[PDB]
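Fold and geometry: a report
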Amino acid sequence: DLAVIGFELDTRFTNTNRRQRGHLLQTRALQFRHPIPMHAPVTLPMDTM
Amino acid sequence: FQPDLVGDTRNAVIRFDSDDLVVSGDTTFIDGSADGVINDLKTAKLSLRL
């Protein structure tokens, strides 16, 4: 019992009717926020006289 | 709705912080009843601020 029983094709459509879109592109943006903190000062004391 | 300032520019963020949701003897439940807590608030002449 030896025979070819089945096959598969590498056939594709010609997408000239634009049935398929494929992958989509969209433009995006992200926002990052960096606030600046204060830090403790350094002091030089001197007399007022 | 507010914009999401950090993250995607097309994100809308809800920031609902309220201390003024009143429950009183004159307010009914979604089913129209005024039993239980509502009835006791009506009898006691009290209202809640949730």
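Cut-offs used in this document
- Residues numbered from 1 in each chain as written, not as in the entry; some residues may be left out.
- Chains lettered and ligands numbered in written order.
- Part of a larger assembly, values for the part shown.
- Heavy atoms only, no water.
- Contact = heavy atoms within 4.5 Å.
- Buried area = accessible area lost by both parts, 1.4 Å probe.
- Salt bridge = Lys/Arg side-chain N within 4 Å of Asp/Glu carboxyl O.
- Polar contact = N/O pair within 3.5 Å; in protein donor to acceptor, adjacent residues only side chain to side chain.
- Nonpolar A, V, L, I, M, F, W, Y, C, P; charged D, E, K, R; others polar.
- Pairing = 2+ DSSP bridges.
- Helix = DSSP H or I, 4+ residues; strand = E, 2+ residues; numbered from the N terminus.

The record lists cryo-EM as the method behind this PDB entry and 3.5 Å as its resolution.

What follows deals with the interface of chain A and chain B. Taken together, the contact between chain A and chain B spans four residues of the former and five residues of the latter. Surface buried jointly by chain A and chain B totals about 500 Å² across both partners, of which 50% is contributed by carbon and sulfur atoms. The interface formed by chain A and chain B includes zero salt bridges. Our count for the contact surface shared by chain A and chain B stands at three residue pairs in polar contact. Here the residues of the side of chain A that touches chain B sort into two nonpolar, one polar and one charged. Sheet analysis places strand β1 (residues 30–31) of chain A next to strand β2 (residues 7–8) of chain B, joined by two bridges and oriented antiparallel.

Right, let's talk about unusual backbone geometry for a bit. One non-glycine residue with positive phi stands out, namely A:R18, at about 55 degrees. On the secondary structure map, A:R18 appears in the segment before β1. For B:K45, which is not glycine, the phi torsion reads 55 degrees and is therefore positive. Relative to the elements of secondary structure, B:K45 occurs in the loop between α1 (37–44) and β5 (47–49).

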